[PDB]
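Following: one structure in C-alpha cells, then a few remarks.
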Amino acid sequence: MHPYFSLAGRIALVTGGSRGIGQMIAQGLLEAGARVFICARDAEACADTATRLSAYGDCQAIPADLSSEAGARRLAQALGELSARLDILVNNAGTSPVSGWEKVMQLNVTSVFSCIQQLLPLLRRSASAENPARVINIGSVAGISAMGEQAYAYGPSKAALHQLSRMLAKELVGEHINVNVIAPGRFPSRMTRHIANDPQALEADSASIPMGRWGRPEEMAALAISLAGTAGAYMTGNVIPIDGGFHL
Amino acid sequence: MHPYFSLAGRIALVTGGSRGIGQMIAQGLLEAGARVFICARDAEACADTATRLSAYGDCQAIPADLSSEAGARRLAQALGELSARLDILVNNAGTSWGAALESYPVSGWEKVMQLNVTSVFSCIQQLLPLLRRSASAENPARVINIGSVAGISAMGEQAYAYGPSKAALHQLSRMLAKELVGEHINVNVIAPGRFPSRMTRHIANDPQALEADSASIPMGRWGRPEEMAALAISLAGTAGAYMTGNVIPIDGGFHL
Ligand SMILES: NC(=O)c1ccc[n+]([C@@H]2O[C@H](COP(=O)([O-])OP(=O)(O)OC[C@H]3O[C@@H](n4cnc5c(N)ncnc54)[C@H](OP(=O)(O)O)[C@@H]3O)[C@@H](O)[C@H]2O)c1
C-alpha cells in the first residue's frame, strides 16, 4: 500500500474485534499491512474470526474479558508475551429498566479506561516523535445528537467515552500517544440483522438518515486505516462522525 | 422579587440540597419566593439545613438515598404526599473520585457513574408525573441538572471518572430536552467550575493550594455562592422559559 496509508511493520490490537465494526477495522488494518491482534468476550468465536482474517494478513486472537480490572491486566500480560510493543490500540468493545445502566457504563467507558491504563507500558515502548502510538476509540453519534430514541443509557455512555478520550489525549500528547474517536452512525451489525435483510424495514429505518442509507464496511475500514496512519499522526482529541449527516 | 425573577407560587425540589451548591441553590430559590424541598442521605444534617434555610421561606427536608433506583422511587412517593405537582426539579447530588492514572480505581468509577448519571435519570423518570401535573404552555415545568466544566474541558485534574460522568449527564439532559419539549418540560444544565464545598475545603484552607488552584482559573478566583443562586433563579424563571437543552458554564472562563 502507498506510504500515506501503509501500516507495514506496525503492531495493532482491536478489542471487540470478532464481529461488526471491530472486525471491519481489523480486516482494514491487516489489508494496510499491520500485524493485528484481536480480542473479544467469546474466545472461540474470536479465534475463529482471527483464523478467517488470516486470509488478509497476520491476525491472532488473545483471550480477554475486559468487563473487569483483572481482565485489562490479563490482556496486557497476554499481549506482552507475544510482543514487546503496541503501536495501534482500537477500542471497540461496547454494549447498548435502569438496572442495565451499570453494565452499559462499565463496558463503554470504564473498561476502555482500564484497557488503556494497563496497555500504557507497551504503548510507551512504541511511542516516538517520528511516529506516535495511536489509540482509536469507537464512540457513537448517539453521544452527540439530541435525536435519541429509546436507550437512554447508550448515548450518555458514548458521550462519557468521547470526553474521556479528549482528556486522555491532552494528558498523553507529550508522550507521543495520540487519542482519537471514530463516532459511527448506523452500520451493519448482527444486532440489527433483521432490518438489514428486509428491504422495506431497511429503507424505513434509513429515512432518519439524511443520506438515506446505512454505512458500508469499507467506509469504516478506510477511516480506521487513515486515522491509524499518516492522516491521523497530527490529530489528537478528535471526535469524527461517520454517520450519513445524522449529527447535523 | 420582580416578576422576571420571582418564583412565588412555584414548588421546587433540590436534591443534594443539604450542603454545597445544592444549599446555595436552595437558598436562592427560597429568596425568589419558591416553596422548596431539599433531600440528602444525612437525615439530621438535611433537617438542620432546612431549618436554617427556613429564614428565607418554606423549606422542608425529605431524607432520601439516591444511590439506588428504590431511593428515587421513595423520594417521588414522599414528595407526592406533600405536594400535588412539581414546578422545579434541581438535580444536584453527585460525587468525585481522585487517584493516580495507573493505580487501581474501578469501584470509584461505578459509584461516580451511578450518582452523576444513572441516579439523575431515575430521579427525573420517577418524578415525571408530578412534573407533567405542573407543565403548561404558559409556564413549562423546569428541570435543572448540575453538570461540571470537567465534562467540557480536556484539562485534566485527577478524578478520571468525574469528567466523563458529567459529560454523560450533559448528553442525557440534551436527549431528555428534545423528547419532553412538546410536553412543556424544559431541561437545562448548569456546568460549574470551582465553588466552595466539602469536597474542596482542603484546598480552601491551605493558602498555597488555594493560590495555585485560583491561578488555573482565567478569572483567578472561585465562584461565589450568590452567583450560583442568581443563575439557578434565572434559569427556573422567565429567562429560562424559552430555554431547553442548554449547557451553561459558570466557571470563570475555564471552558475556554
Ligand atoms: N464544587 C464544585 O466546584 C463543583 C463543580 C462542578 C460540578 N459540581 C457538582 O455539583 C454538585 C454539588 O455538590 P457539591 O460538591 O458542591 O456539594 P457537597 O458538599 O459535596 O454536597 C452534595 C450533596 O449531595 C448529597 N448526596 C450525596 N450522595 C447522595 C445520595 N446517594 N442520595 C441523595 N443525596 C446524596 C449530599 O447529602 P449528604 O450530606 O447526606 O451526603 C449533599 O447534600 C455535585 O453533583 C458535583 O459533582 C461541583
Side-chain angles (χ1 to χ4, degrees), chain A residues 1 5-66 71-72 74-76 78-80 82-83 85-95 107-108 111-112 115-116 119 122-123 126 133-140 161 165 178-184 186-193 214-232 240 242:
Chain A
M1 204 171 276
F5 309 105
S6 173
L7 295 177
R10 304 290 276 168
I11 295 157
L13 191 248
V14 179
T15 74
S18 82
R19 56 167 158 83
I21 285 171
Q23 172 198 281
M24 297 173 189
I25 290 173
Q27 187 188 313
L29 303 178
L30 288 162
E31 290 187 58
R35 180 194 277 196
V36 183
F37 297 93
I38 55 161
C39 67
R41 204 164 179 156
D42 189 320
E44 200 194 305
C46 188
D48 179 29
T49 300
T51 298
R52 286 184 183 167
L53 292 184
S54 305
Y56 304 91
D58 187 6
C59 187
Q60 302 173 56
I62 299 174
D65 168 50
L66 265 37
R74 285 287 281 180
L75 175 62
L79 208 213
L82 270 27
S83 204
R85 77 181 200 284
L86 182 63
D87 303 315
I88 301 155
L89 174 59
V90 177
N91 296 299
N92 173 241
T95 44
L107 275 305
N108 296 344
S111 299
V112 175
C115 176
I116 294 156
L119 292 165
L122 26 78
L123 282 167
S126 157
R134 324 293 184 92
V135 178
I136 295 166
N137 296 326
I138 274 56
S140 174
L161 172 76
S165 300
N178 298 356
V179 191
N180 295 288
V181 172
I182 290 171
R186 262 179 140 110
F187 275 82
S189 57
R190 201 193 172 178
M191 301 139 163
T192 52
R193 185 179 158 168
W214 279 15
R216 295 161 187 156
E218 65 265 31
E219 289 168 335
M220 187 54 68
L223 176 61
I225 292 169
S226 21
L227 229 194
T230 304
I240 309 179
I242 181 165

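In what follows, chains carry the letters A, B, and so on, assigned in the order in which the sequence lines appear, proteins first and then strands, with residues in each chain numbered from 1. FYI, side chains are in, hydrogens and waters are out, and symmetry mates aren't considered; it's all heavy atoms of this structure.
Across A:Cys46 and A:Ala40, no two heavy atoms sit closer than the pair SG-N, 3.6 Å. The shortest non-hydrogen separation linking A:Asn108 to A:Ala93 is OD1-O, 4.5 Å. The minimum heavy-atom distance between A:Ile62 and A:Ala78, with the atom names listed, is CG2-CB, 3.6 Å. When all heavy atoms of A:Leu75 and A:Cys115 are compared, the pair lying nearest together is CD2-SG, 4.3 Å. Of all heavy-atom pairs spanning A:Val179 and A:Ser165, the tightest one is CG1-O, 3.5 Å. Of all heavy-atom pairs between A:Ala133 and A:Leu86, the closest is CB-O, 4.2 Å.
To the nearest 0.5 Å, the span separating CG on A:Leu79 from CZ on A:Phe37 amounts to 6.0 Å. A:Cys39 contributes atom SG, which lies 5.5 Å from atom CG of A:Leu66 (distance to the nearest 0.5 angstrom). The OG atom of A:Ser126 lies 12.0 Å from the CG atom of A:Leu119; values are rounded to the nearest 0.5 Å. Rounded to the nearest 0.5 Å, atoms CG (A:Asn180) and CG (A:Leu227) are 5.0 Å apart. For the atom pair A:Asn91 CG and A:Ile138 CD1, the distance stands at 8.0 Å (nearest 0.5 Å). For the atom pair CE of A:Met191 and OG1 of A:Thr95, the computed distance is 8.0 Å after rounding to the nearest 0.5 Å.
Between the side chains of A:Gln27 and A:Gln23, not a single donor N or O lies within less than 3.5 Å of an accepting N or O.
Residues A:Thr192 and A:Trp214 are in side-chain contact: their nearest non-hydrogen atoms beyond the backbone lie under 4.5 Å apart. Taking 4.5 Å as the limit, every side-chain heavy atom of A:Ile240 sits out of range of all side-chain heavy atoms of A:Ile182. Put simply, the side chain of A:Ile21 reaches to within 4.5 Å of the side chain of A:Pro184, judged on heavy atoms. Here the side chains of A:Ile242 and A:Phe187 are in contact, with some heavy-atom distance below 4.5 Å. Side chains of A:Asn92 and A:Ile25 form no contact here, defined as non-hydrogen atoms less than 4.5 Å apart. A:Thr15 places a side-chain heavy atom less than 4.5 Å from the side chain of A:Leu89.
Heavy-atom contacts from other residues, nucleotides or ligands closer than 6.0 Å to CZ of A:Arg85 number more than 12.
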In residues 216-226 of chain A, what donor-acceptor pairs under 3.5 Å come from side-chain atoms, sequence neighbours left out?
from     : atom 1 : to       : atom 2 : distance (Å)
A:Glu219 : OE1    : A:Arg213 : NH1    : 3.0
A:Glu219 : OE1    : A:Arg216 : N      : 2.8
A:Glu219 : OE2    : A:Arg213 : NH1    : 3.4
A:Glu219 : OE2    : A:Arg213 : NH2    : 2.7
A:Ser226 : OG     : A:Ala222 : O      : 2.7
A:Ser226 : OG     : A:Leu223 : O      : 3.3

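A donor-acceptor pair under 3.5 Å is absent between the side-chain atoms of A:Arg19 and the main chain of A:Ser189, judged by distance alone. When atom types are taken as modelled, the side chain of A:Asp87 and the backbone of A:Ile11 share a donor-acceptor pair closer than 3.5 angstrom.
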